[PDB]
Amino acid sequence: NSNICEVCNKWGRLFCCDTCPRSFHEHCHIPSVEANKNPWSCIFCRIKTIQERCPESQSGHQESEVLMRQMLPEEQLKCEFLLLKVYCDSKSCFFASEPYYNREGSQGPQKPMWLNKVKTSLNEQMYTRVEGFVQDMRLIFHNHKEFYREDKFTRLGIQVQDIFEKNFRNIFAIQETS
Ligand SMILES: [Zn+2]
Ligand SMILES: [Zn+2]
Ligand SMILES: [Zn+2]
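What follows is the structure, encoded as structure tokens:
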């Protein structure tokens with residue numbers, strides 16, 4: 218196994234996947250690394266299994282169909298994995314915890330949102346469709362762009378949104394387009 222967390226790239230108290238060489242901090246894995254379970258398989262492995270069991274699941278899909286899907290176990294897992302892929306980028310730190318807004322010339326958003334809030338919502342089964350999860354994730358970046366206006370810091374929102382969107386298209390097998 219690797220000697221650093223796959224998500225935050227630090228050492229520490231690491232749980233090792235039994236079916237691949239990745240390792241995780243307890244609360245870096247999503248869902249949080251399960252108490253017992255020997256062997257244990259990480260989210261990367263669980264997602265690869267879904268694909269292997271249903272190879273046609275990789276054929277292209279329309280985003281509008283994906284969004285309307287109910288949050289059954291396989292969709293719950295895919296959203297957990299997509300969230301984890303955002304945390305894998307170090308620039309996620311800016312979006313992880315609850316923000317506050319006091320900048321001359323800007324007003325805070327009407328509906329603040331942040332990654333740990335999405336993580337709690339997923340854990341608590343608060344989303345009934347994929348659309349709920351995707352709308353909260355896109356709201357993070359939209360709030361940031363609107364609040365930071367012409368400050369160059371706006372680019373952090375564009376960057377982390379790009380990581381979200383690329384991974385969304387990969388995980389949910391969105392039909393490739395020009
Ligand atoms: Zn970690
Ligand atoms: Zn694994
Ligand atoms: Zn199949």
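For the sequence shown, my numbering begins at 218 and goes up steadily by one.
Backbone N, C-alpha and C define an ideal beta-carbon position, used for all residues, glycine too.
Check	Outcome
Any idea what DSSP makes of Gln327, helix, strand or coil?	coil
Thinking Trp331 and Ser309 are a contact (beta carbons under 8 Å), I'd like their distance in whole angstroms, please.	With a Cβ gap of about 10 Å, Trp331 and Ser309 do not count as contacting.
Could you say which of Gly374, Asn220, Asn226, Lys227 lies nearest to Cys233 if we only look at CA atoms?	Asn220
Along the beta strand (DSSP E) that carries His242, what are the first and last residues, could you check?	240 to 242
Beta-carbon distances below 6 Å to any heavy atom of ligand 3 define the shell here; list its residues in chain order, please.	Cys271, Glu273
Just the Cα atoms here: how many angstroms apart are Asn360 and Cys245?	25 Å
Can you tell me whether DSSP reads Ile267 as helix, strand or coil?	helix
Of all the alpha helix (DSSP H) runs that stay within the bounds of the stretch 277 to 324, which reach a length of 4 or more residues?	280 to 285, 290 to 304, 310 to 313
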